[PDB]
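Structure record follows, encoded as structure tokens.
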Amino acid sequence: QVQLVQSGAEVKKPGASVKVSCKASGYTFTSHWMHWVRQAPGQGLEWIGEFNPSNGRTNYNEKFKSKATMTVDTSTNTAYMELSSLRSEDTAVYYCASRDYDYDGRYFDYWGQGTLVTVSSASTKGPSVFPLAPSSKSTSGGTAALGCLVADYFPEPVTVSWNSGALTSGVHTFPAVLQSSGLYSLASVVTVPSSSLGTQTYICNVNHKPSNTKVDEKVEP
Amino acid sequence: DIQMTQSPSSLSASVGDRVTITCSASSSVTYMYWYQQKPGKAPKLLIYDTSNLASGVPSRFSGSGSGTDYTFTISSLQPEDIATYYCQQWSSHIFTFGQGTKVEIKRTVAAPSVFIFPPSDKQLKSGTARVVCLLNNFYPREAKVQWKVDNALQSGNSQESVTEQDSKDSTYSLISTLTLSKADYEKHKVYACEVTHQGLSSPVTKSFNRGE
């Protein structure tokens with residue numbers, strides 16, 4: 001299976017540089033062009049450029065010519081994009097994507113998961129995680145709600161899974177809210193049967209890559 | 001350089017409706033593509049070369065072109081089709097994207113299921129009480145939460161967030177958090193969230209007494 005796995009979210013002070021990576025697998029790396037696409041949080045999609053790993057050819061959006069440098073390392077099947085002289089408006093999700101025509105005429109099109117780069121002078125901060133326990137005050141007709149509050153982190157993003165991704169039905173992980181302080185908080189919740197609170201275990205798995213924070217919190221009745 | 005205008009910016013439609021999105025280009029484009037993007041996810045190719053379906057894409061999706069005007073059509077809108085759709089053209093070694101069209105779903109009225117979460121011991125040890133009210137799986141999106149503490153309406157000390165529309169049931173959920181210091185929390189007894197929504201004929205209150 002074709003996979004493109006990008007490096008984790010980062011925060012960077014203005015004037016700095018960052019190099020985002022995109023590791024390809026499941027196909028012959030040199031056989032397809034690698035693209036880079038920007039989407040700032042909440043300017044849509046913009047094409048940065050493309051790099052041909054078979055011959056080193058590049059084509060850039062003129063807008064990004066001074067900003068971005070695309071390279072590859074064919075020995076590790078990895079594409080890179082380096083952004084220099086970072087300013088606040090460089091805050092965006094950056095995607096890598098392998099896209100072009102096969103010789104037969106079918107279009108090959110696969111995308112990485114994206115990498116959020118935040119440009120800020122503010123300090124990175126790891127979250128506090130608080131279970132929201134199922135109780136008689138969070139039941140509704142045989143169902144119990146439970147969750148985790150992920151408080152006071154910077155910058156975005158936080159990701160949350162339940163039971164290492166084995167619990168996805170009925171999960172709602174909410175968009176983050178901006179606190180007065182400039183930090184963020186988010187909540188994730190799930191509804192489950194109230195009947196089996198005694199026999200099932202529910203763990204929220206919280207990741208905040210900028211502070212390399214990985215926390216697993218058991219949420220118990 | 002090619003300028004494009006994508007319309008409309010957003011639309012709302014019922015399950016089974018025909019949805020049509022247009023991309024108008026300043027000059028003739030060499031290649032037209034259509035992408036679908038769901039929130040938090042990467043774009044997914046649906047259509048390449050104006051009208052060719054990407055592999056495994058359902059037959060309800062189609063594209064066409066007439067000069068500098070390009071259209072994308074979903075013949076029968078399904079709940080899983082909510083997304084923002086983008087045209088992307090290529091000419092003369094440059095790709096450019098349209099502005100996007102957010103496609104929403106209409107469905108029947110569904111009242112929220114309401115749940116409340118008293119602050120844990122872990123929270124209170126941290127010095128701050130965050131009381132959480134969850135409104136689950138409702139439609140339409142518009143809802144109102146009011147917090148009452150010993151029946152006194154609160155202002156200035158809550159935050160709320162709403163999900164994207166659900167790809168299975170076309171509902172929304174909302175979370176509201178009342179934040180007080182531990183000291184302020186311990187000065188009061190009854191904590192209540194009051195919910196108003198089109199599916200409810202009168203406000204629904206969910207409440208608890210501190211310490212039980």
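In what follows, chains carry the letters A, B, and so on, assigned in the order in which the sequence lines appear, proteins first and then strands, with residues in each chain numbered from 1.
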Quick one: what part of A/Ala145 sits under 4.5 Å from any heavy atom of chain B, side chain, backbone, both or neither?
both

CZ on B/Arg130 to OG on A/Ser185, rounded to 0.5 Å
7.0 Å

Would the B/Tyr31 and A/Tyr107 ring centres measure less than 6.0 Å apart?
no

Might you point out which heavy atoms bring A/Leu45 and B/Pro43 nearest each other, and give the distance in Å?
CD1-CG, 3.9 Å

Which distance, rounded to the nearest 0.5 Å, do you find between the CZ of A/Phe108 and the OG of B/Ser55?
12.0 Å

Please confirm whether the backbone N or O of A/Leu178 pairs with a side-chain atom of B/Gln159, one donor and one acceptor, at under 3.5 Å?
yes

Nearest 0.5 Å, what's the NE2-CG distance between B/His93 and A/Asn61?
14.0 Å

Polar contact flag, side-chain donor to acceptor under 3.5 angstrom, B/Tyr35-A/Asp109:
yes

Going through the distances and angles, do B/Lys122 and A/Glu217 end up as a side-chain contact (heavy atoms from CB on, under 4.5 Å)?
CA-CA 12 Å; B/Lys122 184 181 183 182; A/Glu217 282 289 303; 3.5 Å; yes

Check B/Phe95 against A/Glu50 and note the closest heavy-atom contact, atom names and distance.
CE1-OE1, 3.7 Å

Before you tell me yes or no, could you show the steps for A/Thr143 and B/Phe115 under side-chain contact (heavy atoms from CB on, under 4.5 Å), namely the whole-Å CA-CA distance, both residues' side-chain angles and the distance that decides it to 0.1 Å?
CA-CA 10 Å; A/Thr143 67; B/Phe115 307 87; 4.2 Å; yes

Other residues, nucleotides and ligands only: do more than 12 of their heavy atoms fall within 6.0 Å of NZ on B/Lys38?
yes

Picking from A/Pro175, A/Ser140, A/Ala133, which has the most non-hydrogen pairs under 4.5 angstrom with chain B?
A/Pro175

Select, from B/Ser173, B/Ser113, B/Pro39, the one with the greatest count of heavy-atom pairs under 4.5 Å involving chain A.
B/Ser173

side-chain contact (heavy atoms from CB on, under 4.5 Å) assessment of A/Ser135 paired with B/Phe117:
CA-CA 8 Å; A/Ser135 81; B/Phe117 297 95; over 6 Å; no

Heavy atoms only: give me the nearest B/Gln37-A/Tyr95 pair and the separation to one decimal.
NE2-OH, 3.3 Å

Measuring from atom OG1 of B/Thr96 to atom CD of A/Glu46, what distance do you get when rounded to the nearest 0.5 angstrom?
10.5 Å

Backbone of B/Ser207 reached by a side-chain donor or acceptor of A/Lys137 within 3.5 Å:
yes

Side chain of B/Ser161, backbone of A/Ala176: donor and acceptor closer than 3.5 Å?
no

Contact check, side chains of B/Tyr86 and A/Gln39, non-hydrogen atoms, under 4.5 Å:
yes

Looking at chain A, which one of B/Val114, B/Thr84, B/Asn136, B/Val132 has the largest number of heavy-atom pairs inside 4.5 Å, strictly under?
B/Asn136

Interchain contact, A/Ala97 with chain B, by part (heavy-atom threshold 4.5 Å)
neither

Between B/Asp166, B/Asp169, B/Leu174, who has the most heavy-atom pairs with chain A when the cutoff is under 4.5 Å?
B/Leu174

Mark yes when over 12 heavy atoms from residues, nucleotides or ligands other than B/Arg60 sit less than 6.0 Å from its CZ; otherwise mark no.
yes

B/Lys41, part contacting chain A, at a heavy-atom distance under 4.5 Å
backbone

Pick from A/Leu149, A/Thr191, A/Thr139 with the largest number of heavy-atom pairs that fall under 4.5 Å of chain B
A/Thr139

Contacting region of A/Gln43 [heavy-atom separation from chain B under 4.5 Å]
neither

Per-residue contact mode, B/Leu134 against chain A (heavy atom under 4.5 angstrom)
side chain

Determine whether A/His172 and B/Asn137 satisfy the following criterion, side-chain contact (heavy atoms from CB on, under 4.5 Å), listing intermediate values before the conclusion.
CA-CA 10 Å; A/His172 298 297; B/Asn137 303 346; 2.9 Å; yes

At their closest point, which heavy atom of B/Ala42 faces which heavy atom of A/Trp111, and how far apart are they?
CB-CB, 3.8 Å

Correct closest heavy-atom pair for A/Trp47 and B/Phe97 would be N-CE1, 3.9 Å

